[PDB]
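Commentary on secondary and tertiary structure
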Amino acid sequence: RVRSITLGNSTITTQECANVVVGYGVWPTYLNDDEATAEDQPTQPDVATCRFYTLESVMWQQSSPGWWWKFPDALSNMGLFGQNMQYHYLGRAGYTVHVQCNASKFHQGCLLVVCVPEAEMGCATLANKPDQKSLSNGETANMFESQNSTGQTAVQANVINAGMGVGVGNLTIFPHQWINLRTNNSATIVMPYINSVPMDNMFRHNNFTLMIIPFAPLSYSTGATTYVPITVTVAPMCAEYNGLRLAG
Amino acid sequence: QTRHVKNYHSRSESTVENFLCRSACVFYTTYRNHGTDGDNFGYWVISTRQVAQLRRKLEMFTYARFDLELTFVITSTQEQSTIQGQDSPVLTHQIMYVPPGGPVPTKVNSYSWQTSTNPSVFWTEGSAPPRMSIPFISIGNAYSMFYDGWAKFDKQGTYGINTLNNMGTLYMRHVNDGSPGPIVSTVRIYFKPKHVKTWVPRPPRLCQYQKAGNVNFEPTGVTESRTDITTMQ
Amino acid sequence: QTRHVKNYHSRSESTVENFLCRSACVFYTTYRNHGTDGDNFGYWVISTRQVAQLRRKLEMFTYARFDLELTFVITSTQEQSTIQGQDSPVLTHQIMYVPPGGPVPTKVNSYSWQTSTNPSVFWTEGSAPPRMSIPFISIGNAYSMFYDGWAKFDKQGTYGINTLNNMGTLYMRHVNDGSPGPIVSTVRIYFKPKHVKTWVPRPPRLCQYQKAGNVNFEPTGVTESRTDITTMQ
Amino acid sequence: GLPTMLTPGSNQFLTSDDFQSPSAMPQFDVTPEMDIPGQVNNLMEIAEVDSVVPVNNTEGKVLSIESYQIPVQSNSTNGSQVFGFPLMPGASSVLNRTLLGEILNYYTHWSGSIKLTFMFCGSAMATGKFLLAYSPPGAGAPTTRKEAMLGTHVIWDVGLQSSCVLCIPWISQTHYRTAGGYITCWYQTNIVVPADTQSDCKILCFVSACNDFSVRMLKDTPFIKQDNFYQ
Amino acid sequence: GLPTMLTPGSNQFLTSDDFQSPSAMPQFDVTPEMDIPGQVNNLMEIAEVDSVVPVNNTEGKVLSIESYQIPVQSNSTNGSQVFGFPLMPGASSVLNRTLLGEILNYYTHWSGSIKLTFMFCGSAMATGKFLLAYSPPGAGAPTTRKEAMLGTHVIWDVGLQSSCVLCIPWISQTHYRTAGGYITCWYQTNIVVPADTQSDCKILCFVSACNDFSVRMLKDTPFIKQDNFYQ
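Residues numbered from 1 in each chain as written, not as in the entry; some residues may be left out. Chains lettered and ligands numbered in written order. Part of a larger assembly, values for the part shown. Heavy atoms only, no water.

In the PDB header, cryo-EM is given as the technique by which the entry was determined, and 2.81 Å as its resolution.

With the PDB entry as reference, chain B is termed Genome polyprotein, source organism Coxsackievirus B5. The title assigned to this entry in its PDB record is "CVB5-intermediate altered particle containing VP1/VP2/VP3 and RNA genome".

The name given to chain A in the PDB entry is Genome polyprotein, with Coxsackievirus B5 as the source organism.

Right, here's the structure in full:
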């Protein structure tokens, strides 16, 4: 049937028997004390942030290249967990990413829904670094391009290279899920916290980005809706922050 | 060529250790025995992003953790000059490893050469090439080959970069001039990762590299083109 | 820089052994193959109070007990001259350790060179650097880094000094001239304490050192100053 | 001391040597390993991952996403060829730059079985049949749908299943530095739709490595160039 | 003899080597060790000792004893700041030259918990309250007594106890060669005395190392200079 999932004061509905891609095989977990470690780096969990956050749906069209969000930044103004990023210096969390797609049986298209860790992106100008606005717009999706981007500090958003200088067709090496409208309409990726350090500043670094790239273009019969909404729902998992109390 | 042979399913050197623990030449520089203003010394900041082959092989992963086994091939050649009767004694070279955050030599006779916390190897020519090993020197848990962040958030040019991938700097100089004549030595540093751990594999780089400290790229085709999609004649 | 990382409580190299058993360059001198009046020889009285860094590290303690592992880096360079066709054979050097209270060479050919109780190492160039170890040579139970007393009570200038901290003197010379031309060699003595025991820790030195054989100091501020005691804006 | 002879090969630097080296910084405590997810021990793990194949390498398409999209014409001649490429994962440009192809181009010798997955990306109401034909090495590409039917082939029914998986047993490399096998698709039937769609259907291709690949002689990849120093 | 190869790195002098050396004076009997009190095996033992902090580093005071004395005004504005310094044991000049700071300046990397002890040195009849406020790294120094009260803080009652001990959990180093935390004091109340004393009360600060410091990369201290030979 249909399964309803509630986290805090938010509820979503998902079809049962829907595949869940669990990161690199690792479910998000809390940090573990190493043989009763001293209280020199106290950690503070937060369970109020474990709720669904629903970004504004992106309108998938016929000539529509991909979108991407950088989720440490994409949830930086979503009430809690954004206040938590602002208040705490060091943060650590995983995410459950739900990608819905509302289309009828008369719609066509395929989507690559991939979460790319450490997706450092190049600049349109070779001797430059892309700015914050182009790299991540927060809750607003940044869009890929069908041709080379132009700009002094703009991201090279041509979809063929996914902004990283690699083959876009080889993006499946990362935790991904294909959305074929004739077979699928949902994608669930559970991304564990991936970093070279146990905790890191969240304004200063993006753990991963989600790329939604239409490989097969959207198509429809005459009279059907010319666009298709793509909804991204995010539930932070196992959010930890540096303890603010005095050690003694 | 390469006729069909039996498949023995050898996965032996497809492992990350045999894939990356290859000794590659990453740097070579020249320095003279006599210098105009004490600048007759070679140096190389240890980076894995200057040679495009080793860089691509390492960037096929997101995080790495390895040791730095460095081998130096120092060869000295006598330059042409009018000085006669040189008769140079054997030449000794000093190779200093400055750890991350250590004193940096400015000239060939700076105090940073005669320090105590910078590992230095003194090698006399005619012996086996000098060899030193640097451990996993990062204070983080791994070397991040990619960094979707800034060193300082309020700085535009700090994107990427990180601060935990600093592996130190190498410094090379002549201990003795030998003769009152021109002698120039090449160091030809050879790099070899050891005990490699890698995480989060990544697609191989498709676009040619532009800068050593950038991921910036000119957009390129996903592959070479062909005349027809079908194999018809 | 140096982002927050996990604390693993490594006390490993905070120990006195890893703190002091570091090989540091304490002395370097030059001597010629030919001498005007037989004075073409180098010498160094073994003291731990000439290099201000090792001196500070050792003076962070009151009493110490260590071995003297000395390494010598001898490099010879041929000076410019009108002598032609030199063709110098390989050069041999003699490094003598005069124990406390032993005969003292006066010239390069003094009888104290060809003695029997002074340990001497003969090293030919082109080999590994010579190395000798001196035990804890004091007749007392430890080396006193500080001495609130006089060698002789009735003498003003004997304050401090002690008489049990004498570790001997090193003497360096050319065994053979090699060629009838000017050759000057640098010894570059490297010092490394071994098996260190330390007692009665002391505050680190705050005022810059003035003399090697004194504790005299120009009074200095306890620290650098700041504009305001409060962190107000 | 102990009498020894130095033996030929002493004091030499062979770059492919496994001798222990002296540590430049002993008595330094390295940070312990932390469990990062996604640890990789073998490049075959990357090779075994599905990668989208750019079958539509026609001129002007390799710079756009539609190089990966195989066009399926609604009004197409019966028995025509949809697509077809030589079955060379390292030589043919169709499979060359895929994950498996990139891994293979790092080694001189390799052999195994590739896994090809074709996904139909039309409407759920669309119905049709495709004939995926496999030609063994040396056989040559079929020229008609009947020759394809008389060889190794599968009837890919769009109406029943939207994905088809083919495992090819004889792959191997072809050179040290045709006659490799072919995979082709044919229009057994046409694509049938309830309503009029202006755009044509697309087919996505995926290539992957099976567990039986070997790689034996590492070499430099031919897809990166560095003709000058960066400093 | 036994065939051997010299191997790269032979005949080299690496200063950070642990090879056995030949004894220049063998067959000499060294004096046995005698039990001197105060044997030290680790520099953390010196680091863990309380050291007086010169909080009053205002100009003209670092050359006098009153740099260690925090002045406490009898007639001071309510809610004013008594003192405050950045919580950097190696960078800030307040904690820099203390025993813990001197030990830390010998190592590139360190992390642990510092112990701060404030001692009030007024008369036994004096009574007052102080608000010792701890700001975590990145939080910033509080500007009012209310912001200090809303964070981590202790109410130091002079009348009850003349000493206060604070353990700070997150210290660490800040550079290879702000945003480190702050500790501040505020006048919760004024100092009350029975009789008229002309001189003001003083507060002494002590810093110390807790058992959880590590030090990992020894280096030269930046507080000693030797630009020429002594002979």
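Structure shown, so let's carry the discussion forward.
When its secondary structure is counted, chain B shows two helices and twelve strands. What you see in chain B, going N to C, is helices and strands ordered as α-β-β-β-α-β-β-β-β-β-β-β-β-β. For chain B, whose C-alpha radius of gyration is 22 Å, the value lies well above the compact-globule estimate of 17 Å for 233 residues. Principal axes of the C-alpha set define a box for chain B whose edges measure 75 × 55 × 35 Å. Between the mean site of the 23 positive side-chain charges and the mean site of the 16 negative ones, chain B shows a separation of 9 Å. (Helix = DSSP H or I, 4+ residues; strand = E, 2+ residues; numbered from the N terminus. Rg over C-alpha atoms; globule rule 2.2 N^0.38 Å. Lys, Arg positive; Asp, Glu negative; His and termini not counted. Charge placed at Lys NZ, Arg CZ, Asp CG, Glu CD.)

Take the overall build of chain A next. Along the backbone of chain A there are three helices and 14 strands. Viewed in the frame of its principal axes, chain A has a C-alpha envelope of about 70 × 55 × 30 Å. Burial status across chain A gives 62% buried among its 248 residues. A separation of at least 24 residues holds for 80% of the contacts in chain A among residues at least 6 apart in sequence. Total accessible area on chain A stands at roughly 9,400 Å², and carbon and sulfur atoms take up 48% of it. Computed over 11 positive and 16 negative side-chain charges, the separation of the two mean positions in chain A equals 12 Å. (Buried < 20%, exposed > 50% of the residue type's maximum accessible area, 1.4 Å probe, protein only. Contact = heavy atoms within 4.5 Å. Areas by Shrake-Rupley, 256 points an atom, 1.4 Å probe, with all protein chains shown as cover.)

Contact residues are listed per partner, giving 79 residues for chain B and 87 residues for chain D. It is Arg11(B), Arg226(B) and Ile229(B) that lose the most area in chain B upon contact with chain D, and together they represent 10% of the buried surface on that side. Where chain B touches chain D, the interface holds five salt bridges. Between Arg56(B) and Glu102(D) there is a salt bridge; the shortest N-O distance is 3.2 Å. Counting across the interface, chain B meets chain D through 43 residue pairs in polar contact. Here the side of chain B that touches chain D takes eight residues from strand 12 (residues 189-201) of chain B, the largest share from any one element. For the side of chain B that touches chain D, the class distribution of residues is 35 nonpolar, 27 polar and 17 charged. (Buried area = accessible area lost by both parts, 1.4 Å probe. Salt bridge = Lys/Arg side-chain N within 4 Å of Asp/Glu carboxyl O. Polar contact = N/O pair within 3.5 Å; in protein donor to acceptor, adjacent residues only side chain to side chain. Nonpolar A, V, L, I, M, F, W, Y, C, P; charged D, E, K, R; others polar.)

We now examine the environment of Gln86(A). Turning to its location among the elements, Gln86(A) is positioned in helix 2 (residues 82-87). For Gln86(A) and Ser76(A), which are ten residues apart along the polypeptide, the C-alpha to C-alpha distance reads 8.0 Å.

By convention, interface size is frequently given as the accessible area that disappears when the constituent parts associate. Chain E puts eleven residues into the contact, and the matching count from chain A is twelve residues. Here chain E packs against chain A, burying approximately 1,100 Å² in sum over the two surfaces, 68% of which is carbon and sulfur. When the area that chain E buries against chain A is broken down by residue, the three leading residues are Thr152(E), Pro169(E) and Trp170(E), summing to 49%. Sorting elements by how many residues they give to the side of chain E that touches chain A places strand 11 (residues 163-168) of chain E first, with three residues. The residue makeup of the side of chain E that touches chain A, split by class, is eight nonpolar, two polar and one charged.

In this structure, the largest cavity encloses a volume near 110 Å³. Lining the largest cavity are 14 residues, with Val5(C), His109(E), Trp110(E), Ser111(E) and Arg216(E) sitting closest to its centre. Of the residues assigned to the lining of the largest cavity, the class counts are four nonpolar, seven polar and three charged. (1 Å grid on protein atoms, 1.4 Å probe; cavity = no way out; pocket = protein on both sides within 12 Å on 5 of 7 lines; lining within 4 Å. Points joined across faces, edges and corners; volume = space filled by probe spheres on them.)

It is worth spelling out the nonpolar core at this point. Of all hydrophobic cores here, the largest spans 171 residues; its most connected members are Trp69(A), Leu171(A), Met211(A), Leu170(B), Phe83(D) and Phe130(D). Ignoring sequence-local partners within four residues, the contact set of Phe83(D) consists of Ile229(B), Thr230(B), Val55(D), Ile70(D), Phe118(D), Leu132(D), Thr184(D), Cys185(D) and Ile203(D). Listed in part, the 90 residues of the second largest apolar core include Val51(C), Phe191(C), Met25(E) and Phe85(E). (Core = buried A, V, L, I, M, F, W, Y, C linked by side-chain atoms within 4.5 Å.)

What follows deals with the sheet that holds strand 5 (residues 75-78) of chain B. Residues and elements named next belong to chain B. Strand order in this open sheet of three strands is 2-11-5, and the pairing throughout is antiparallel. Two strands in the sheet have a free side with no partner beyond their single neighbour: strand 2 (30-32) and strand 5. Ignoring strand direction, the axes of neighbouring strands in this sheet form an average angle of 25°. Bridge count for strand 2 against strand 11 (residues 183-186) is three bridges, and the pairing is antiparallel. Bridged to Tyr 31 within strand 11 is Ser 185. (Pairing = 2+ DSSP bridges. Axes fitted to C-alpha atoms, helices over the stretch in contact; angles between N-to-C directions.)

Now for the sheet that holds strand 10 (residues 152-157) of chain E. Backbone-to-backbone hydrogen bonds join strands into a sheet, with any given pair of strands oriented parallel or antiparallel. Residues and elements named next belong to chain E. The strand order 6-12-9-10 describes an open sheet built from four strands, whose pairing is antiparallel. Edge strands, defined here as strands with exactly one partner in the open sheet, are strand 6 (81-86) and strand 10. The mean inter-strand angle of the sheet, taken between neighbouring strand axes irrespective of direction, is 15°. Where strand 9 (residues 129-135) and strand 12 (residues 182-187) come together, six bridges link them in antiparallel fashion. Each residue of the ladder has a partner; that of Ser 135, found in strand 12, is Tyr 182.

Residue and element names in this part refer to chain E. Along the chain, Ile 155 falls in strand 10. Along the primary structure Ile 155 and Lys 129 are separated by 26 residues, whereas in three dimensions their C-alpha atoms are 6.6 Å apart. Those residues in contact with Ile 155, other than ones at most four positions away along the chain, are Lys 129, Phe 130, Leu 131 and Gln 188.

When you tally the buried positions in helix 2 (residues 52-59) of chain B, you get eight out of eight residues, the bulk of the element. Where helix 2 of chain B is concerned, the buried positions are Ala52(B), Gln53(B), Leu54(B), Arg55(B), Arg56(B), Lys57(B), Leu58(B) and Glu59(B). Considering only its buried residues, helix 2 of chain B is in contact with helix 1 (16-20), strand 1 (24-27), strand 4 (61-72) and strand 12 of chain B together with helix 3 (99-104) of chain D.

Applying the stated criterion across every chain yields a total of 32 salt bridges over all chains. For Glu33(D), the salt bridge is made with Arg65(B), and the minimal N-O distance between the two is 3.7 Å. With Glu33(D) in the loop between strand 1 (4-5) and strand 2 (39-40) and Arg65(B) in strand 4, this pair bridges two chains. Looking at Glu33(D), the relative accessible area reads 43%, which means it is partly exposed. As a salt-bridge pair, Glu33(E) and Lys197(C) come within 2.9 Å of each other at their nearest N and O atoms. Taken together, the positions of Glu33(E) in the loop between strand 2 (13-14) and strand 3 (39-40) and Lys197(C) in strand 12 (residues 189-201) put the pair across two chains. Residue class for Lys197(C) comes out partly exposed when judged on its relative accessible area of 28%. Overlapping salt bridges, with partners in common, bring together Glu69(B), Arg131(B), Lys194(B) and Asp17(D) in one network.

Quick look at the pairing of strand 12 of chain B now. All names here are of chain B. Most of strand 12 sits out of view: eleven of its 13 residues are buried. Pairing analysis gives three bridges linking strand 1 to strand 12, with the strands arranged antiparallel. Counterpart to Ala 24 in the pairing with strand 12 is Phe 191. In terms of strand pairing, strand 4 meets strand 12 through ten bridges, oriented antiparallel. Of the residues in strand 12, the one forming a bridge with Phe 72 is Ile 189.

Looking at the element boundaries, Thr29(C) is found in the loop between strand 1 (24-27) and strand 2 (30-32). Once residues lying within four places of it in the same chain are set aside, the contact partners of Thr29(C) are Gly42(C), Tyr43(C), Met172(C), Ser185(C), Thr186(C) and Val187(C).

Here the focus is the side chain of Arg226(C). Residue and element names in this part refer to chain C. Tracing the sequence through the fold places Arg 226 in the segment after strand 12. Within the buried set, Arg 226 has no salt-bridge partner at all; the shortest N-O distance to an opposite charge, 8.4 Å, is to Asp 228. Here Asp 228 takes part through its backbone oxygen, which lies 3.4 Å from a polar atom of the side chain of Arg 226.

Here we take up unusual backbone geometry. A positive phi is found at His195(C), a non-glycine position, where the angle reads about 55°. On the secondary structure map, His195(C) appears in strand 12. At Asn11(E), a position not held by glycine, the phi torsion is positive, near 60°. As for its position among the elements, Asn11(E) is in the loop between strand 1 (2-3) and strand 2.

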